[PDB]
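What follows is one chain in structure tokens, specifically the form deposited in one PDB entry.
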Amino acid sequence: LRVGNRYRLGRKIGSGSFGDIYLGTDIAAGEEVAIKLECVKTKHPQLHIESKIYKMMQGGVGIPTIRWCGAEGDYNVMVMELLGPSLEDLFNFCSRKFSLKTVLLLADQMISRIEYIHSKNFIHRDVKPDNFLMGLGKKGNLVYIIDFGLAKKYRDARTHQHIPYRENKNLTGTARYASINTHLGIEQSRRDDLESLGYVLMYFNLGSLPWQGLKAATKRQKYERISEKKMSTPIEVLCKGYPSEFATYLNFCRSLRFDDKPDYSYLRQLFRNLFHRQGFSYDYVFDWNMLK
């Protein structure tokens, strides 16, 4: 099917919270793209809002390019850069073990992605392995972040006035990776994206988190069991047997005030110092590059 003027729709490659992602071709350019479709008739239209957020992010390393936005027959349409597998996909291809070198290569880029988003006045609020994709081709060494479906301003674009503190919020994001503040019903801020990344990094190290597979009768009960397990698992127990930097990182994120500007550069330098003490080189040879 012909979308915009120059895009050809192929097969489905994905489905997130809303719409579906299709392989496409930019017929004019001779380049594969991803095409997100959302039915115009949907109850809660979100694609137009997501495309506005992606457009505010344009210019960032590891932000997918938006090529075209519009509406065609029964669909709202966003055409984007075609990206590669998620970090969850790659984790499965690597038998659910990342080498320390791969985890540190990823940590460096993922802290930078989240910083960049924060610099554009947004928090992501869904930091998880599924929402980071490696690029394709010449972008194969770049970690991209996607899924701005839960993203929101944490400060006025003009004043940089931080949103107010609020409590009794429902859980927003993914239970497995949610900050303790999010579990307690506290408004998400910059610290919560970085705390979530801290759990993603220990998830890669361990192969699973100690609050996975908790039996419960309800979603809310499941979320509360996850909350209780996270709050009762000391960071030094979570991170036992792994370089202290992972524990230092999580202690720093948990110490941040609601409206604190994280020291991104300190957090990157933690991992970078460990990377150097291990004698690793920043050559972007990830575990999955070794797959024969």
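Quick note: we count residues from 1 along the sequence shown, nothing fancier. Heads up, when I say rigid core I mean the largest set of C-alphas that superpose within 1.5 Å between the two forms.
Although it is not shown, the form deposited in another entry is what the next lines describe.
Upon rigid core superposition, which of the listed residues (237, 61, 40, 231) is displaced by 2 angstroms or more at its Cα between this form and the one not shown? C-alpha shift of at least 2 Å: 40.
Is there a C-alpha shift of 2 Å or more at residue 25 between this form and the one not shown once the rigid core is superposed? Indeed, residue 25 is displaced by 2 Å or more.
Take the rigid core as the frame of reference and indicate whether the C-alpha of residue 277 shifts by 2 Å or more between this form and the one not shown. Residue 277 C-alpha, core-superposed: shift of less than 2 Å.
With the core lined up, does the C-alpha of residue 108 move 2 Å or more between this form and the one not shown? Not so; residue 108 is displaced by less than 2 Å.
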